[PDB]
Amino acid sequence: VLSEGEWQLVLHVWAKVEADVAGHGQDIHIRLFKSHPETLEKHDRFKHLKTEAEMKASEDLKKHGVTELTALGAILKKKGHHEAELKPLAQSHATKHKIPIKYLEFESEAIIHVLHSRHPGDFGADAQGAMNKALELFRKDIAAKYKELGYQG
Ligand code: HEM
Ligand SMILES: [Zn+2]
C-alpha cells in the first residue's frame with residue numbers, strides 16, 4: 001500500500017506529465033528502445049524507425065505512447081484500487097502482445113528517467129520513492145493477473 005502522502009506525490013508529478021502526454025511518451029519509448037533493444041522487437045510496427053528523429057516524427061508511435069500513458073494515468077489515479085483497469089491490460093499484454101514483467105520493469109525505469117529529465121525540481125527523492133512504489137504495486141498486481149490468465153510474468 002501507499003500512504004496518502006505518497007499518492008499525492010504520485011498524482012502531483014502526473015499532473016505535470018499531463019501537460020505533454022505525447023512528448024513524455026515519445027521520450028520514454030526512445031529511452032526504452034535504446035536502453036533495452038529487445039523491447040523494440042515486441043512493438044513490431046516501429047522496427048523501421050531507425051533514428052530518434054524518425055521516432056519523433058512517427059504519429060503512430062506518438063499516439064501509441066499517449067494510449068499507454070493514458071491507461072497508466074487512469075490506473076495511478078485509482079491509488080491502488082485498480083483491478084477493473086488492470087484486467088483488460090493484463091489480458092492483451094499477457095496473451096496477445098506477450099510482454100514479460102521484466103519489460104514492464106524496463107518501461108518503469110524509462111518513465112522514472114524521463115520524469116527526472118523533464119521535471120527535476122518536481123521530482124526529488126520523496127516523489128521518486130513514491131512513483132517507484134506506485135509502479136512497483138502496478139507491476140505486482142499485473143503480474144498476479146498474468147498468472148491468473150495462465151503462464152508466467
Ligand atoms: C505502463 C506500462 C504500459 C501500459 C499501461 C500499456 C498500455 C497499453 C494500452 C492501453 C494499449 C492499447 C490496447 C492494448 O492492446 O492493451 C497497449 C498496446 C500495446 N502495448 Fe502496452 N503498455 C505498457 C507497456 C508495454 C510494454 C513495456 C510494451 C512492450 C515492451 C508494450 C507493448 C504493447 C504493444 C506491442 C501494444 C500494441 C501496439 C500496436 O502495435 O498498436 N506495452 N499498451
Ligand atoms: Zn509502448
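Residues numbered from 1 in each chain as written, not as in the entry; some residues may be left out. Chains lettered and ligands numbered in written order. Heavy atoms only, no water.

The deposited coordinates, according to the entry record, derive from X-ray crystallography at 1.60 Å resolution.

Enquirer: Is there a simple way to explain helix α1 (residues 4-17) in this structure?
Expert: Given 3.6 residues per turn, any residue in an α-helix points the same way as the ones three and four places further on. Relative to the 20 Å expected for 14 residues at 1.5 Å per residue, α1 spans 20 Å between its end C-alpha atoms, a close match to the ideal helical length. Those residues of α1 not exposed but buried are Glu6, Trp7, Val10, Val13, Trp14 and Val17. What you see down the axis of α1 is that its buried residues fit within an arc of 135°, all on one side. Against α2 (21-35), α5 (59-77), α7 (101-118) and α8 (125-148) lie the buried residues of α1. (Helix = DSSP H or I, 4+ residues; strand = E, 2+ residues; numbered from the N terminus. Expected span 1.5 Å × (residues − 1). Buried < 20%, exposed > 50% of the residue type's maximum accessible area, 1.4 Å probe, protein only. Arc of directions from axis to C-beta. Contact = heavy atoms within 4.5 Å.)

Enquirer: Could you clarify how one ought to interpret the coordination of the zinc ion (ligand 2) in this entry?
Expert: Metal coordination angles have textbook ideals: 109.5 degrees for a tetrahedral set of four donors and 90 or 180 degrees for an octahedral set of six. On the protein side, the zinc ion (ligand 2) has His29 (NE2), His43 (NE2), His64 (NE2), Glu68 (OE) and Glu68 (OE) as donor atoms, found 2.1 to 2.3 Å from it. Expressed as a motif, the donor residue spacing for the zinc ion (ligand 2) is H-x13-H-x20-H-x3-E. (Donors = N, O, S within 2.8 Å, 3.2 Å for Na, K, Ca; no water.)

Enquirer: I'm lost on the UniProt feature "binding site: heme b" in the protein chain in this one. Help?
Expert: With numbering aligned to this structure, UniProt lists the feature "binding site: heme b" at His93. On the secondary structure map, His93 appears in helix α6 (residues 83-96). Taking the relative accessible area as the measure of exposure, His93 reaches 18% and is therefore buried. Here the side chain of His93 touches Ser92 through a polar contact of 3.0 Å, side chain to side chain. (UniProt positions renumbered as here; feature names shortened; annotations may be inferred. Polar contact = N/O pair within 3.5 Å; in protein donor to acceptor, adjacent residues only side chain to side chain.)

Enquirer: Help me understand the packing of α5 against α6 in this model?
Expert: When two helices pack together, you describe them by how their axes are tilted relative to each other and by the distance separating the axes. α6 packs onto α5 with a crossing angle of 150° between their chain directions and a minimal axis gap of 9 Å. Classed by the angle they form, the pair α5 and α6 counts as roughly antiparallel. Considering only the axes of α5 and α6, their crossing is left-handed. Seen from α5, the contacting residues are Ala71, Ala74 and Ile75; seen from α6, they are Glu85, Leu86 and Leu89. When the residues that make up the contact of α5 with α6 are grouped by side-chain class, the tally is five nonpolar, no polar and one charged. (Axes fitted to C-alpha atoms, helices over the stretch in contact; angles between N-to-C directions. Parallel < 35°, antiparallel > 145°, perpendicular 65-115°, else oblique. Left-handed = near helix turned anticlockwise from the far one by under 90°. Nonpolar A, V, L, I, M, F, W, Y, C, P; charged D, E, K, R; others polar.)

Enquirer: Help me out: how do you make sense of the coordination of the iron atom of ligand 1 in this one?
Expert: Looking at the iron atom of ligand 1, one finds its protein donor set to be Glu68 (OE) and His93 (NE2), positioned 2.1 to 2.7 Å from the metal centre. Here the iron atom of ligand 1 is ringed by six donor atoms whose angles at the metal span 77 to 178°, and the overall shape comes out octahedral. The metal-metal distance between the iron atom of ligand 1 and the zinc ion (ligand 2) is 4.8 Å, with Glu68 serving as a donor to both. Separated by 25 residues along the polypeptide, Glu68 in helix α5 and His93 in helix α6 bring together distant segments of the chain. (Tetrahedral: all angles 85-135°; square planar, octahedral: opposite > 155°, others 65-115°.)

Enquirer: What am I meant to see in the site of ligand 1 here?
Expert: In the neighbourhood of ligand 1, 18 residues make up the surrounding shell, with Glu68, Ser92, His93, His97 and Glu107 lying closest. Taking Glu68, its side chain carries an N or O atom lying 3.0 Å from a nitrogen atom of ligand 1. Between an oxygen atom of ligand 1 and a side-chain N or O atom of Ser92, the distance comes to 2.5 Å. Take the shell around ligand 1: its biggest share by element is five residues, from α5. A breakdown of the residues in the shell around ligand 1 according to their chemical character gives seven nonpolar, seven polar and four charged. (Near = heavy atom within 4 Å.)

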